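Novice: Sharing a structure with you now.
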Protein chains: 12
Amino acid sequence: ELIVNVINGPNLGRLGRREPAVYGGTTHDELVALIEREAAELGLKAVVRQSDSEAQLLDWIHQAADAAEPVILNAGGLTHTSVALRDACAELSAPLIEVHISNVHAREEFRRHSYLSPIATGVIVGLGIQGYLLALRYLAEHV
Amino acid sequence: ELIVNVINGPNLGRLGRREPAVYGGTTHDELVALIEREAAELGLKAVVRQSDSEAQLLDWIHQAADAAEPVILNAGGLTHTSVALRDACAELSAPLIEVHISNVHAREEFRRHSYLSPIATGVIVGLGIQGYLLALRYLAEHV
Amino acid sequence: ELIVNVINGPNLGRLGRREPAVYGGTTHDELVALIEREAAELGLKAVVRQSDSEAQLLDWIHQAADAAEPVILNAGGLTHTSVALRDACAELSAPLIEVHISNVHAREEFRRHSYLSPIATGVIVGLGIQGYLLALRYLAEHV
Amino acid sequence: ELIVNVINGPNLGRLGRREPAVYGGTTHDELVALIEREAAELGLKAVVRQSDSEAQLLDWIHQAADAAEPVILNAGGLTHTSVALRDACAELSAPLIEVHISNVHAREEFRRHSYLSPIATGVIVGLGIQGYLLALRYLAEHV
Amino acid sequence: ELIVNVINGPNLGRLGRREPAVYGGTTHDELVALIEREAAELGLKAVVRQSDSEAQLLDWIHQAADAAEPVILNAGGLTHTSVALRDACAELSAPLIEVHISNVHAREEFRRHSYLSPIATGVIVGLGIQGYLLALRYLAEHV
Amino acid sequence: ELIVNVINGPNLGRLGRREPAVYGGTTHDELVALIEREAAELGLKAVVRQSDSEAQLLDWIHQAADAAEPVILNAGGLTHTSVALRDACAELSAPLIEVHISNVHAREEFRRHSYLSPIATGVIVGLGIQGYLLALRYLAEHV
Amino acid sequence: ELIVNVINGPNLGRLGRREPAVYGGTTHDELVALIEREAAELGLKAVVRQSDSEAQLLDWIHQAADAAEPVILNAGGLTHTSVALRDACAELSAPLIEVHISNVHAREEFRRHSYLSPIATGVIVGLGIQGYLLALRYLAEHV
Amino acid sequence: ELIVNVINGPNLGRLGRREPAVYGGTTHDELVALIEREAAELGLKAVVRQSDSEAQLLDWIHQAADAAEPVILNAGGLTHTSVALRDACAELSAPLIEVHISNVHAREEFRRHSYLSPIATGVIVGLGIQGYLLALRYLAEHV
Amino acid sequence: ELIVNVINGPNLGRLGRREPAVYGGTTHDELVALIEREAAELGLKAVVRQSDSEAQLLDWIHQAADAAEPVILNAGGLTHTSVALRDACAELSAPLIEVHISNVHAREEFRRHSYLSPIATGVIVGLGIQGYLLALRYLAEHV
Amino acid sequence: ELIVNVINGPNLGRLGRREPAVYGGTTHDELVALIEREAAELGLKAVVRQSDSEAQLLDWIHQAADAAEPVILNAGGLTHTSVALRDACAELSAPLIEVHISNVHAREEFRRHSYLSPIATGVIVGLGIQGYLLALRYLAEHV
Amino acid sequence: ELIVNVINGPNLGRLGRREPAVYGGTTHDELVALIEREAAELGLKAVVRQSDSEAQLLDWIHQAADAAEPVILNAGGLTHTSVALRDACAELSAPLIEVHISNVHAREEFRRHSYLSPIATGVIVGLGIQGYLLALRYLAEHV
Amino acid sequence: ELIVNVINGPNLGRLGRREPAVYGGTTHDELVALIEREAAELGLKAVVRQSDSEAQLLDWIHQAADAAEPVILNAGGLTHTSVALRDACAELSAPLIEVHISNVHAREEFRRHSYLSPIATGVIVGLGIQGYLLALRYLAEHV
Ligand SMILES: O=C(O)[C@]1(O)C[C@H](CCCOc2ccccc2)[C@@H](O)[C@H](O)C1
Ligand SMILES: O=C(O)[C@]1(O)C[C@H](CCCOc2ccccc2)[C@@H](O)[C@H](O)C1
Ligand SMILES: O=C(O)[C@]1(O)C[C@H](CCCOc2ccccc2)[C@@H](O)[C@H](O)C1
Ligand SMILES: O=C(O)[C@]1(O)C[C@H](CCCOc2ccccc2)[C@@H](O)[C@H](O)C1
Ligand SMILES: O=C(O)[C@]1(O)C[C@H](CCCOc2ccccc2)[C@@H](O)[C@H](O)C1
Ligand SMILES: O=C(O)[C@]1(O)C[C@H](CCCOc2ccccc2)[C@@H](O)[C@H](O)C1
Ligand SMILES: O=C(O)[C@]1(O)C[C@H](CCCOc2ccccc2)[C@@H](O)[C@H](O)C1
Ligand SMILES: O=C(O)[C@]1(O)C[C@H](CCCOc2ccccc2)[C@@H](O)[C@H](O)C1
Ligand SMILES: O=C(O)[C@]1(O)C[C@H](CCCOc2ccccc2)[C@@H](O)[C@H](O)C1
Ligand SMILES: O=C(O)[C@]1(O)C[C@H](CCCOc2ccccc2)[C@@H](O)[C@H](O)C1
Ligand SMILES: O=C(O)[C@]1(O)C[C@H](CCCOc2ccccc2)[C@@H](O)[C@H](O)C1
Ligand SMILES: O=C(O)[C@]1(O)C[C@H](CCCOc2ccccc2)[C@@H](O)[C@H](O)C1
């Protein structure tokens, strides 16, 4: 059985109950539930985790590197800013799928650049919360 | 019933039987078949079309604009170069999902820029041919 | 008698019946009619032609170069992208007036740059469809 | 009856009797006369004014803003340099047509950028003095 | 009664007892006292908090977003670097005043750019510690 | 007794009775009155002056340099354009506070750059007309 | 026997009978003849083809990729603009020699950049029509 | 007899009695005297004039253009900012020598760029007030 | 006796047992041991510490600033990203030696820029783990 | 009889016996021999010279300028760096062919820029040592 | 008695007998003579030297640094390229006057940048050979 | 026994007896002595050489490439300017350590870029003359 780490970065704990015009009306706990529901359908286990702490994100990335498990990562603002987080992600031997809820190319110019994309397997942007469900489906087929 | 236009741009007719290291071993005719198989599973119809001609691509974009049908577009090198094709795509009232087979951010700097992303609903890159199957699944849920 | 070639590039066949907020409510066939009406008033003949095909546009540019006739060209997205079309236009010995319906300077930064302006006699932007009628009036006085 | 303010910026008082290779052989007083002749033909009144003083130009822009009258403005070198003059022009509620006698895109790179274009209704460049007559004709139709 | 959150970012706990040539001789505890003294004079309550932890700053921003209370934020080096902190601040519905003690425009070029200014109500720089007292006075009048 | 020169640059004579959405509903004469009212409260004298003329602004800057009096300067569009005005301001030996009514960082990219900030004591932006009252309060304490 | 594809892009059908000051007085049909004459001397066969159509150029590139035959390509304005054409050329397993008639470095800055050079075996510029004869001689020795 | 116009731009009326560390201890009236003393020695007449007004500078440039007399111009901050003043100077048929008192290349990056240098005969910078005496000596030999 | 703080930033806890091709086969605990062995040889004491937390790094920098002790800092990805960490380091009165294990100039363009180098005493890059031993030897001689 | 100067710049004395993967297995003495063999076939004389000294290269360029003889120049790293060498080459009245052995466009970005190309007759890159033989053949026909 | 070193860099040995349209018809030996004639008039001694060798130029700069004598330096193409030569010049304790014969601002963009200007006392450009005579006159007064 | 080439570029012959504030009070002959003293301690031989001549530096680089011996290179201003010297250094099969005495990142922006760093084993900057002693110690351990 494949175990998949879903990791949300800064501010995404406020999903759904804040800024529904931007990031959608699904809350972080509902997101967790949808991911676990889809994982069961696919015969996988999803571990869904969110933190505002870069140190804490790096630790979760490290652990998935040690376990050789895949990661679906929405790093929030750290996508555009963190070399630390890119270098922890570059270490992963299993696939890394980068997810943005919003279309980061329809926004400010600075969101169009990701430290993560070049070292990710692939990227999904602007498809809302389905982004994560779709990433999980890719990883279920690419084992 | 939703009808979805899958549109491939220049060079992608050579899929699978050329450059399998880059764009994967699935051929364009197999791609068509996989998309039509998945469409049936989802209760949709996919019209899958490829052209090396920008004029011909624009016509297919126009027709989907007139029908208000969604489009999954992998525009190939025109992604990075064509304002004409962006302005035809900007006209679409149904969702437009941009797909790249390869991760265009792990390549030359010029592939990191898309004329299409800012006017697309969303973007999927680097997930190979599954990219298209995943886009089709989003569009099946977002009706 | 002066003969004037009016040449519309990609997407402008959809004028008026699409995107009236941007490019105005005059359709391409009405545009043709207004140009031919104004040409008669001025004692000229206008040949009004539109194509989504760069190859086809180049051929029409070539023919006007061979006839030494003037051209009013709205190249659409190719304004910002095509060196091919600029080099065919650079060949014209009679005047070349560049026309944009929309004000391309009140839009995305990329529309502010034209390959054509430097080799054109002159440029008219943002005055809608009158742009073309005004270009025709200049060419009637500059013979 | 429409009243139209034609406003010339620095150095354009020297028109025609200087630099005829660049800006044409029509003098500023002849320019005035041609504009007033064309205005009568169109059933409008043109007030044609030139100043080397940015303060004086701003005052003339202010007055047209207060009267809600249109403006045809050739700001000369201030086109490329003045945010003050752009912000006075941005205030106009009637149309603002930017005019350059010369084709500013066939010259030094710095002339290709205008502070005024983004806030103008439209722009006419390189059509010489007819530029102004054509702008007046647009404003006569867009009332 | 208005409650105002004053939030200091990395390194500003060392105020006054370090680098008095740059950031002034007022210490962080004296800063707190001056802010609370001025708040009483104005009939408001100030909650003054400092942290070297971006995670901790984000939490304090979140809480003010939930309470709809205003914030005076001096984010220190994170002003120039953090998209995470900008996106938490963008969420605030009450006013956000950005404060720098030093004039960040008289220093290295990189300090001249703030992620925060575009989403702030306003900015006060280079007026030392009075910066904060002045921000508090604005917020007292803008309720 | 401290005397403070408040100097407004181009277009700001139109305050309040124009563009109230941008620069607020306070007129220039009301601005004067509010500044003189606050000056009395603070035991200072404010000399409040506005001009559309760069030459006239430079003269007022010169006079304050000769008197060694402080200046609150909102230079309008000249903030982003004038080296002349910066070099006159650099001469001031008493404090210079730069004021913008609007938040110039939430607007076009060109307004984010000031010739004045690097040579000013400090800057206040986006706090509307209170900007000036707050600058006056700083200068009252920094004597 | 080596077969070599000589491929000319947009506008080069007008060679010699147009713009002899820039591209020389040899016409496209004479070019063909000179290339076939030189090929016989070298014991090779040259297939010389020109098109204004990017789609048509891509097809000719595809065919040479399938045959593993070399290509001498002068892509005209598409040299500086087309990623599509670069990606078809990148596929060639036999040598690709890029040819410009004119010295593209003695012209506008934009002609100094080629999408093709990085994926070509080599480049020959500014040696006029001999460019092609020289490329053919290289390919005759590098088999 | 040669007549030479020496023209000083904004802020240079304050020479010598202000900022002697930067621009030297010679006052504007002493500068005038030194220039007239040197002119007599050389058998020329110098007309030495200073203005803070761009309009006034343009008028003095115009007059020298009409008289075909040479100009020594220190435009102050307008050197780096004014296209208006460059275009009036470009009109001069006699030599134009650009003078800076200070070495503008040992200062802020923005002072290293002059609108005037490209259209001047020559430039003298950083040699203080002798700059002007040396320019006058060149013009005495180049008649 | 000199006390030297050796401080490792994000991801460097994984040294040696991960990515030995990049950062070498020495683990973080072996690194500690080698540094303490060399310190004894030199008559110094090394305090060797690693953290993934920017807040924690800043605290360790603060403490060395308060003790006026030197620091050898390998900040990992924060080298290229953190102004916070630069400003804490700028405070150090004893020497600061920046160390990179890898040669950061033989890698991606973004690693070639350090916030730390300009405020460091000196920099050592690409000499692997010896980097640290060499920095310690410099600090032993520069007391 | 035409005399042709073949001039090799820094490091190219090491040809063939060093870095055969990059610059090919032909040594500098073999290069000389091949060039002299081809010159005899063509009825010309080649003078083949190499130097690591820019001063020495300039002297050889000077001599060919004085003799009005053509030059084939591979300047090595000086191609991308030397304005001195460009200005000596600009003086040549006979043709100058720039040669690179390697394709300088398939390498680091800095090799893509040549000081020499704009003033050369033409350029040949990436065709190895044949580059020189081909340049000699052009010069034999262009006399 | 003041001794002044006049130092000419690469290519300037060819003065006057080459490129008289650019650098004037005075030869290097005549230049020497004019400088020595003017030096006698001024009561100074000029040592006039030219070299194509950067090493040789550096030695002459070194010697003037050791003697604390002034230098008039026209470095030719090395002006725009050499940090070595700038750092030798930065060492001079007596004045350094940079001279260009041609106006380097009316030419290619790359000539507008000098490594030398920022460390020179002053710069004289475009005044031909008089440049040197004028520099000598400054140095005679500034002792 | 390891032989190590220590190579100093332009201006560094003047070490210690010039510019002691920048490059330290150790002279070039003392530098030699310290390096030879340290080499004996380490059981190596150092050959220490300095030249102002790029040609001479290239020859010394060539010889070390032929001997497969390591090099410690401080190239002076050529660090930032010379592609020739980089390409000779790229040839070295033994380690190349780049040394700067000064911290080149605390200086002008242009010194922050090295042609050498990307092809060096490693870099040591700002540690003064110890830089060289430390490089020698690395090379003694990395054999
Ligand atoms: O589109 C996305 O998922 C992002 O990665 C999310 C971010 C999210 C910021 C989080 O802010 C929130 C605030 C309230 C509710 C949800 C998210 C942003 O920093 C990236 O540019 C785009
Ligand atoms: O990754 C993708 O799908 C692309 O959009 C595809 C392109 C495809 C070029 C097509 O070339 C092929 C050649 C042989 C076989 C398949 C594709 C390229 O121009 C884009 O940068 C990335
Ligand atoms: O303003 C103009 O006329 C343009 O040249 C027109 C374009 C037109 C695109 C055509 O799109 C249309 C779609 C529907 C209806 C009419 C036009 C655009 O690509 C240029 O930037 C500006
Ligand atoms: O092309 C135009 O009308 C301009 O706006 C006019 C300008 C005119 C400068 C005026 O100079 C003159 C000098 C003598 C005679 C007429 C004009 C220039 O600064 C703009 O770039 C282009
Ligand atoms: O001027 C300000 O208040 C800043 O926002 C403060 C910062 C403060 C850094 C904190 O460093 C300190 C060190 C010792 C004492 C006080 C502050 C800096 O990173 C910003 O560019 C400007
Ligand atoms: O925000 C400010 O105070 C400004 O300095 C004001 C300006 C004001 C322009 C004046 O325009 C007005 C027009 C009507 C009413 C008030 C002001 C603008 O040029 C600066 O970018 C920002
Ligand atoms: O120098 C060359 O061969 C070019 O590749 C040719 C082009 C040719 C354009 C074709 O235009 C012609 C027009 C009339 C006659 C011949 C060519 C141009 O777009 C490239 O920058 C340089
Ligand atoms: O170096 C020069 O002469 C300048 O052209 C003079 C200027 C002068 C500004 C005038 O300011 C003064 C203030 C007091 C006394 C004298 C001059 C400056 O704007 C240019 O960058 C350099
Ligand atoms: O070369 C170095 O020491 C670095 O400062 C280290 C970094 C280290 C990232 C840490 O990643 C590691 C992962 C596994 C094992 C060791 C390090 C990187 O972010 C800098 O660009 C260069
Ligand atoms: O491709 C070429 O011929 C070059 O002009 C040659 C150079 C040659 C450097 C010489 O290095 C060598 C080292 C060993 C053997 C041969 C050459 C390089 O600096 C240019 O970028 C490209
Ligand atoms: O204008 C000047 O004096 C220069 O410093 C001279 C140079 C001179 C190059 C020398 O070339 C010559 C060739 C023949 C005759 C005289 C000079 C050039 O590299 C600088 O950009 C401008
Ligand atoms: O810091 C270093 O060692 C340098 O590589 C040395 C240089 C040295 C220039 C030599 O100048 C000197 C002058 C007098 C005494 C010693 C050195 C400079 O060009 C580099 O940017 C930094």
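Letters A, B, ... go to the chains of the structure tokens in the order shown; residues in each chain start at 1; ligands are counted from 1 in the same order.
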Can you tell me which residues sit at most 8 Å away from ligand 5, counting only C-alpha atoms and all ligand atoms, written as a count of residues only?
Specialist: 37
Novice: Taking the backbone alone, and naming residues the way the document does, which bits of chain A are strand (DSSP E) by DSSP, as a PyMOL selection string?
Specialist: chain A and resi 3-8+45-50+71-74+96-100+122-125
Novice: Give the residues of chain C that lie within 10 Å of chain G; count only C-alpha atoms, and format the answer as a PyMOL selection string.
Specialist: chain C and resi 53-59+62+65-66+81-88+91+115
Novice: Find the residue from D:143, D:42, D:122, D:135 that sits nearest to ligand 3; use only C-alpha atoms and all ligand atoms when measuring.
Specialist: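 Smallest distance to ligand 3 is found for D:122.
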Novice: Pick out each residue of stretch 90-140 of chain K that DSSP on the backbone tags as alpha helix (DSSP H); I need them as a PyMOL selection string.
Specialist: chain K and resi 90+130-140
Novice: Give me the residues within 9 Å of residue B:31 as a list in words, counting only C-alpha atoms and dropping any in the same chain fewer than 4 places off.
Specialist: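 Near residue B:31, the qualifying residues are residues 15, 26, 27, 35, 36, 48, 129 and 132 of chain B.
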Novice: Suppose we keep C-alpha atoms; can you now write the selection as a PDB file, in the first residue's frame?
Specialist:
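Full text of again_19.pdb as output:
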ATOM      1  CA  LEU B  15       3.876  11.607 -29.687  1.00  0.00           C
ATOM      2  CA  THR B  26       2.007   6.858 -25.645  1.00  0.00           C
ATOM      3  CA  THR B  27       1.304   7.660 -29.378  1.00  0.00           C
ATOM      4  CA  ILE B  35      -9.223   9.948 -23.708  1.00  0.00           C
ATOM      5  CA  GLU B  36     -12.334   8.422 -25.363  1.00  0.00           C
ATOM      6  CA  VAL B  48      -9.618  14.879 -29.643  1.00  0.00           C
ATOM      7  CA  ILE B 129      -0.460  11.847 -20.589  1.00  0.00           C
ATOM      8  CA  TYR B 132      -5.284  15.042 -20.059  1.00  0.00           C
TER       9      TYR B 132
END
Novice: Neighbours of residue F:71 within 8 Å (only C-alpha atoms; same-chain residues fewer than 6 positions away dropped), as a PyMOL selection string?
Specialist: chain F and resi 4-7+61+64+94-97
Novice: Using N, CA and C atoms, can you export the residues from the last selection as a short mmCIF file (atom, residue, chain, number, x, y, z; two decimals), in the first residue's frame?
Specialist:
data_model
loop_
_atom_site.label_atom_id
_atom_site.label_comp_id
_atom_site.auth_asym_id
_atom_site.auth_seq_id
_atom_site.Cartn_x
_atom_site.Cartn_y
_atom_site.Cartn_z
N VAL F 4 6.94 75.84 9.75
CA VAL F 4 6.99 74.63 8.90
C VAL F 4 6.39 74.97 7.54
N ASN F 5 7.12 74.63 6.48
CA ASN F 5 6.62 74.85 5.14
C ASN F 5 5.95 73.65 4.64
N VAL F 6 4.64 73.75 4.38
CA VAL F 6 3.92 72.70 3.68
C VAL F 6 3.77 73.05 2.19
N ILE F 7 4.35 72.21 1.34
CA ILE F 7 4.43 72.47 -0.08
C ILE F 7 3.78 71.34 -0.91
N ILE F 61 11.48 75.72 -1.94
CA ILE F 61 12.48 74.82 -1.33
C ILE F 61 13.77 75.58 -0.99
N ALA F 64 13.32 77.77 2.18
CA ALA F 64 13.33 76.96 3.42
C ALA F 64 14.74 76.47 3.71
N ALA F 94 17.10 71.26 7.79
CA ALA F 94 16.06 70.79 8.71
C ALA F 94 15.33 69.60 8.06
N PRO F 95 14.49 68.87 8.83
CA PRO F 95 13.85 67.66 8.35
C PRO F 95 12.92 67.89 7.13
N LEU F 96 12.85 66.89 6.28
CA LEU F 96 11.97 66.91 5.11
C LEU F 96 11.10 65.69 5.20
N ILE F 97 9.77 65.90 5.27
CA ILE F 97 8.88 64.76 5.31
C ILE F 97 8.12 64.75 4.00
#
Novice: Which residues are near residue C:93? Cut-off 8 Å, only C-alpha atoms, ignore same chain within fewer than 5 positions. Put them as an NGL selection string.
Specialist: :C and (65 or 68-70)
Novice: Quick one: distance from atom CA of residue C:33 to atom CA of residue B:89 in Å, one decimal?
Specialist: 28.2 Å
